[PDB]
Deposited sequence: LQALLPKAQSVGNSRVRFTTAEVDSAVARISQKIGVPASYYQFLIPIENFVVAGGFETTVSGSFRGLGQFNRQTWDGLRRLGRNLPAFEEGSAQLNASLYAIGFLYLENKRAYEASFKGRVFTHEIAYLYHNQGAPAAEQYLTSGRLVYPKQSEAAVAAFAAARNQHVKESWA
């Protein structure tokens, strides 16, 4: 039973086709497959036989990208289709998730020298955007606070991981 959040069109992908595409793309672009396995179930509906993803409104597809974030990657030179087309596609959305991870990793490492970009930190960056993610890490307040309980839990873990020097 999916929890109702206060805030029509979906696409369904099978687990196997997601897994196959993740394995291929993650290897190609140098992003851990485990990051995709972490992110996809948080952002999308896990249903019998795979995942369903909303492709209407501001946030779309497996990565739940908005157009501005998607277009940012294109501006960097990433070969993606237009937001509205690619966000409804398996491969393009998986490339975008990974390209964004790579960009956010650079942003995190530039602001916090010597620290490790963990999966939960990467998800914070993915969801809030790098500027707002850095703001949450430093201030403890979300710029865009209307997120799911699972997301908020991930962000709290991310900040814990960020501040603490080691596992403990």
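K.L.:
No C-alpha coordinates means not modelled. Give me those stretches of the deposited sequence in order.
P.N.:
Residues missing from the model, as numbered along the full deposited sequence, span only 8 to 12.
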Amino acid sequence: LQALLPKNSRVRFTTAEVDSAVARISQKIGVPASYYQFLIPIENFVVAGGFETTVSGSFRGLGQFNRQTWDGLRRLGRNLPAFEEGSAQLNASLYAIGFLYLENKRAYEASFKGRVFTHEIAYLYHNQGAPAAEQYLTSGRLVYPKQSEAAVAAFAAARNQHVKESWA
From here on, numbers count along this sequence of modelled residues.
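K.L.:
Which is higher on average in the deposited entry, the C-alpha temperature factors of 38 to 46 or of 95 to 103?
P.N.:
It is 38 to 46.
K.L.:
Quick check: 139 to 147 versus 114 to 122, which has the larger average CA B-factor in the record?
P.N.:
Mean CA B-factor is higher for 139 to 147.
K.L.:
When the modelled residues of the chain are sorted by Cα temperature factor, does residue 18 land in the lowest, middle or highest third?
P.N.:
Residue 18: CA B-factor falls in the middle third of its chain.
K.L.:
Quick one: classify residue 68 as lowest, middle or highest third of the chain based on its Cα B-factor.
P.N.:
As the PDB entry reports it, the C-alpha B-factor of residue 68 lands in the highest third of its chain.
K.L.:
Taking the chain's C-alpha temperature factors as the reference, tell me which third residue 54 falls into: lowest, middle or highest.
P.N.:
Middle third of the chain for residue 54's C-alpha B-factor.
K.L.:
Is the Cα B-factor recorded for residue 158 in the lowest, middle or highest third of its chain?
P.N.:
As the PDB entry reports it, the C-alpha B-factor of residue 158 lands in the lowest third of its chain.
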